[PDB]
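Each chain is listed here by its residues.
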Amino acid sequence: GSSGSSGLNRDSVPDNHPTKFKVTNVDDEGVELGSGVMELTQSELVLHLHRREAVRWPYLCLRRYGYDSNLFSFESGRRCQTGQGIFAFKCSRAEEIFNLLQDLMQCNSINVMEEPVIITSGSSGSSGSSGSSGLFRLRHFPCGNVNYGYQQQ
């Protein structure tokens, strides 16, 4: 329970950027692999990375998504460039990104009601090896608080 102080900031980017959010792609362990700037637009989720092409993830596809104290992990259906998988990034502003993300995807004209949570079953056992290009895909959700958005029978 301590309040950290801002040592020094020598960049054009703010420290409380509402839209942009400094994130860091990590692995199942949490090791910082590559840093990048996450962006959220009413349209869809956009991620700013190095020269390498940018990645976009449609909310409508985002079946589930969670966020920890300083972590942000979401699941993108098999309808996106990267494809099916679990991408988690480290960001102290994960709360803002998660809250906002659900604030935008929801803003869309969609019927939503209240329903009781039901126990979720895992898998039997499946493993493999590298395949296509992209970020690191996790097997188990690093976060606990998961939220459900777009839904349809």
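Residues numbered from 1 in each chain as written, not as in the entry; some residues may be left out. Heavy atoms only, no water.

Looking at the entry header, you'll see solution NMR listed as the method.

The protein chain has the name Fibroblast growth factor receptor substrate 3 and ALK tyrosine kinase receptor in the PDB entry, where Homo sapiens is given as its organism. The deposited entry bears the title "Solution structure of the chimera of the PTB domain of SNT-2 and 19-residue peptide (aa 1571-1589) of hALK".

> How should I be thinking about the overall build of the protein chain in this particular structure?
Within the protein chain one finds one helix and eight strands. What you see in the protein chain, going N to C, is helices and strands ordered as β-β-β-β-β-β-β-α-β. Rg of the C-alpha trace for the protein chain: 16 Å, near the compact-globule value of 15 Å for 153 residues, within the 12% margin. Overall, the protein chain is about 50 × 40 × 35 Å in size when its C-alpha atoms are taken along their principal axes. Scored against the burial criterion, the 153 residues of the protein chain give a buried share of 31%. Across the protein chain, every contact between residues at least 6 apart in sequence was considered, and the portion connecting residues at least 24 apart equals 55%. Split by element, the accessible area of the protein chain, about 11100 Å² in all, is 45% carbon and sulfur. Counting 14 positive and 16 negative side-chain charges, the protein chain places the averaged centre of each group 8 Å from the other. (Helix = DSSP H or I, 4+ residues; strand = E, 2+ residues; numbered from the N terminus. Rg over C-alpha atoms; globule rule 2.2 N^0.38 Å. Buried < 20%, exposed > 50% of the residue type's maximum accessible area, 1.4 Å probe, protein only. Contact = heavy atoms within 4.5 Å. Areas by Shrake-Rupley, 256 points an atom, 1.4 Å probe, with all protein chains shown as cover. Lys, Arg positive; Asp, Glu negative; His and termini not counted. Charge placed at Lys NZ, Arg CZ, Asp CG, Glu CD.)

> What exactly am I supposed to notice about the pairing of strand 3 (residues 45–48) here?
Walk down a regular strand and you will see the side chains alternate between the two sheet faces. Relative to strand 3, strand 2 (residues 32–40) is paired through four bridges, and the arrangement is antiparallel. Bridging across to strand 3, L40 finds its partner in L45. Hairpin remark: strand 2 followed by strand 3, antiparallel, with four residues in the connecting loop. Where strand 3 and strand 4 (residues 55–57) come together, three bridges link them in antiparallel fashion. Bridging from a neighbouring strand, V46 pairs with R56 of strand 4. What sits between strand 3 and strand 4 in their antiparallel hairpin is a turn of six residues. (Pairing = 2+ DSSP bridges.)

> Got a minute to help me understand the side chain of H17 in this structure?
Here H17 shows up in the segment before strand 1 (21–26). In terms of polar contacts, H17 uses its side chain to reach the side chain of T19, at 3.2 Å. A distance of 3.3 Å separates the side chain of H17 from the backbone nitrogen of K20, its partner in a polar contact. Setting aside its immediate chain neighbours within four residues, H17 contacts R93 and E96. (Polar contact = N/O pair within 3.5 Å; in protein donor to acceptor, adjacent residues only side chain to side chain.)

> I'm lost on the environment of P116 in this one. Help?
Following the sequence through the fold, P116 ends up in the loop between helix 1 (94–107) and strand 8 (146–148). A sequence separation of 34 residues divides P116 from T82, and the C-alpha atoms of the two residues are 32 Å apart.

> Sorry if this is basic, but what is going on with the pattern of salt bridges here?
Opposite charge on two side chains allows them to pair when their charged atoms are near. By the definition in use, this model includes three salt bridges. As a salt-bridge pair, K20 and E39 come within 3.3 Å of each other at their nearest N and O atoms. Within this pair, whereas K20 is found in the segment before strand 1, its partner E39 is found in strand 2, the two being separated by 19 residues in sequence. What makes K20 partly exposed here is its relative accessible area of 26%. (Salt bridge = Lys/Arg side-chain N within 4 Å of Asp/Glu carboxyl O.)

> Sorry if this is basic, but what is going on with helix 1 here?
Within an α-helix, residues lying three or four positions from one another point in the same direction, as the helix has 3.6 residues per turn. Given a rise of 1.5 Å per residue, 14 residues ought to cover 20 Å, and the 20 Å separating the end C-alpha atoms of helix 1 matches this to within 8%. Listed in full, the buried residues belonging to helix 1 are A94, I97, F98, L101, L104 and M105. Projected down its long axis, helix 1 carries its buried residues within an arc of 135°, all on one side. (Expected span 1.5 Å × (residues − 1). Arc of directions from axis to C-beta.)

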